[PDB]
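Structure first, commentary second.
All chains are identified by letter, namely A, B, C, D and E, in their written order; residue positions are counted from 1 within each chain.
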Amino acid sequence: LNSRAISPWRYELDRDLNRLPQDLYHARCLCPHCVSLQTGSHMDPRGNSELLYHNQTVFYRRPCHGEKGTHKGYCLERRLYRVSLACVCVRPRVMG
Amino acid sequence: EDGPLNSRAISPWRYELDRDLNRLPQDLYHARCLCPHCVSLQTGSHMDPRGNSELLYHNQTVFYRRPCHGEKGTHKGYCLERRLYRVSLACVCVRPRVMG
Amino acid sequence: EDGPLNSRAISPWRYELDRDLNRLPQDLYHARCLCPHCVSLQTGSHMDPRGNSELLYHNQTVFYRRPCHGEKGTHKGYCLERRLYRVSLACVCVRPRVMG
Amino acid sequence: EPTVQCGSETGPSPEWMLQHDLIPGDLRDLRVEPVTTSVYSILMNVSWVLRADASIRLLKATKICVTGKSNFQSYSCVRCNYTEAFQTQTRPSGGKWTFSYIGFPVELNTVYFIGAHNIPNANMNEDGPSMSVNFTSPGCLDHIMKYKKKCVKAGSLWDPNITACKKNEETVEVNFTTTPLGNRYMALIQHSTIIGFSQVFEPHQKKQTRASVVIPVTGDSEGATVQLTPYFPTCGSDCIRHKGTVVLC
Amino acid sequence: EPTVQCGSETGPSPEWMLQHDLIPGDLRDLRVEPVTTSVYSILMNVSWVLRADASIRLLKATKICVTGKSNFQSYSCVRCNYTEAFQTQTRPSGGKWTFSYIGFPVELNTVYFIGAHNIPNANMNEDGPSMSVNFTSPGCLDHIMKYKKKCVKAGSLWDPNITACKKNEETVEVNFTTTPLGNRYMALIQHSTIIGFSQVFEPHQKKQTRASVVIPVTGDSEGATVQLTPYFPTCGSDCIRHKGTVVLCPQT
């Protein structure tokens, strides 16, 4: 996979104590241009890399807003999040 | 080639419709790229055979219908059947696997 | 250069750690200097090979304890064991030897 | 002599609904080993070192789990307790305590991110207990493992037997045995750029003789490189390929 | 509200004569800061972060030690007890526990090291609980420590007033102002190689004006640097040296 794409990307740790799963990963491909298909090491500048995203499901817990007083409590509140998936090779936008 | 990158990627890729009476959303599109290999970079029209295009999937939750299992008799009923669906997002240019 | 004499020595020596659970002091920061040849005194960074570097030593009263020899049975115990421990102190570089 | 018995459990932990006054320690270490089962699948053992510095006074469960991240996106978790209440800071025989587990399925070129933490965890706003190990799994380019049916269908053991030779300055001839696993063969000749190209269509043959294809070439083709891409209905675009040679007849 | 009170004590720990069934835990982090006192000394405030993971149920002392390896090598470190027992993980106010202590003497041109461990300590055949924090103190080449008396005797704040110019191709003239605090001086000049050397033999003079030195040179002396060092009986061979710059005295 990421060791084979024209614009390879890696995955960086981003821990939280209140996110399910406890770990999520946001890829940032290191390449500002798409690599050459003939060498794999020479830098081919005729391309660019742009991040691809989606939106995913995550869960959080908040303590009870109502002043119950029995315990801290918990709630299954649901907002959304932004996480990438990969990088694509893009033909630029030129003027002239 | 200009547009929302759906025509500007080296791996161009169209859409196909998937209809269904009980999916929310009723609209899901499957990426169906059209090239057998990656396009050329210096001409934009001629054909570059050293690359390949592959689907990349993901899971996005949707809603489905079955009638109420209990024989209530009031009406047919409905339920929020919540499972996933596997779709395609973008074909990418990849260096192939070759043995020798 | 300015500093605590280990940044101004010709053969600067660092200070590395060792651990024990029954020794005093729990750490004995020994010296292991990388400099294999007296560095130039006009630079402080250049590599001058005209000298050979070697360590200097002493024997330091230290403390060990192994459990009690006798089978008293009241508790594990220990012994107040004095044996001398081998420690390097500081690096000097020296003129090499001539054969012929 | 405590032991650990585990079953799969993924989802919210009922422990998150209660804030515990006292919490256990971290984990000293964690390491994961790959093994090969007898025939012929692959399962995984996990290894970790429970804390030695007396952190043990209270602990019940340690859930270890991973997100599998390939072209497919996978994730599941395993929750289990330790069956006996600890009393010693090491084995009464000696050494830090150890436990292990088996049962995680493993796929092709799938990188797993396995992390652990004790149960229960801390409340809101304390230090993170994160401890995880990254890993690398091999593909189907290893000489050990051609024996999966999935890769065999990709013609892993298939020998193209490519024999490519130059007829004259403009025509090149290739000979090779056909195969009942495919129907379409192409050819790339690459020295610096594309020198020549052709396409071949042939359904199958019982005799299975060496083929012969005429492919035009431009310029000097001496010392070029021959490559074959076979098409199967299964592998499609990710079909494995093989080298080819250039000789003069 | 438990507090901290330290009293100096070095030697064998009584608690090291007994093996404990349960031992106290590690420490999160240890920070130490360099401070300056009012008058004119330099002291250090140490700080550590204590556990929250149930290790607070039993821990009575936290031994903290400092070592230095300079011309001296010293080891005397204070044990500190905790006044009150604990029943909870954090203060009713909340937050991570942080403690401090002042009083370790500090000197010049020294690399120190700080240890860390708690009392009681671990039994035999167990994990090493120690963490490291390294540090460094400054010397007497800074403005704030220009008033440190020891290096004041060494001439921390003296003004050399060095002015040297080339008398001719074979002689260079040097001018500077002396002080009763010095009685013997040296003299070197270096441009690319050693191009001149001398020493200055003059105890003192009553009216105390600028000097004048005649020095021979081997070749061209333009663009060189003048270097002179005092011989003070206190600073010995550790005596500071001041830069110099030579100019041209025109015949006109």
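Here is the rule we go by: a contact is a pair of C-beta atoms (placed from the backbone, for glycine too) under 8 Å apart; a residue touches a chain by one contact, two chains touch by 3 or more.
K.L.:
Hey, what chains does chain B share as contacts with chain D?
P.N.:
Expected: A.
K.L.:
Please list the single chain whose C-alpha centre lies closest to the global protein C-alpha centre.
P.N.:
A
K.L.:
Return the chain pair with more inter-chain C-beta contacts, choosing between D-E and A-B.
P.N.:
By the number of C-beta pairs in contact, the winner is A-B.
K.L.:
Taking each chain's centre as its mean C-alpha position, how far apart are chain A and chain D in Å?
P.N.:
Centres of chain A and chain D (C-alpha means) sit 22 Å apart.
K.L.:
Please work out the Cα centroid separation of chain B and chain E, and write it as a whole number of Å.
P.N.:
That gives a centre separation of 67 Å.
K.L.:
If you average the CA atoms of chain C and of chain E, how many Å lie between those two points?
P.N.:
The answer is 22 Å.
K.L.:
How many Å are there between the centre of chain A and the centre of chain E, using C-alpha atoms for each centre?
P.N.:
Each chain's C-alpha centroid was found; their separation is 49 Å.
K.L.:
So which stretches of chain D touch two or more other chains?
P.N.:
Those would be 71, 122, 126.
K.L.:
Listing for chain A: what residues touch at least two other chains?
P.N.:
Answer for chain A, listing residues that touch two or more other chains: there are none.
K.L.:
All pairs of touching chains, please: list them by chain label.
P.N.:
Here the touching chain pairs work out to A-B, A-D, B-D, C-E, D-E.
K.L.:
With touch defined as at the start, can you tell me which chain A residues reach chain D in the complex?
P.N.:
Residues 1, 11, 13, 15, 17-18, 20-23, 25, 59, 61, 63, 71-74, 76 of chain A touch chain D in their complex.
K.L.:
Can you name the residues of chain D that touch chain A in the complex?
P.N.:
12, 16-19, 67, 69-71, 75, 109, 111, 113, 115, 117, 121-124, 126, 128, 130, 132
K.L.:
Of all residues in chain E, which touch chain D in the complex?
P.N.:
Its residues touching chain D are 22-26, 28, 52-55, 88-89, 122, 125-127, 129.
K.L.:
Per the contact definition, I'd like the list of chain B residues that touch chain A in the complex.
P.N.:
By the definition above, chain B touches chain A via 1-2, 5, 8-11, 38, 41-42, 44, 48, 50-51, 56, 58, 60-61, 89-90, 92-97.
K.L.:
If we count contacts the way the header does, which residues on chain B are in touch with chain D in the complex?
P.N.:
36, 49-50, 52-59, 96-100
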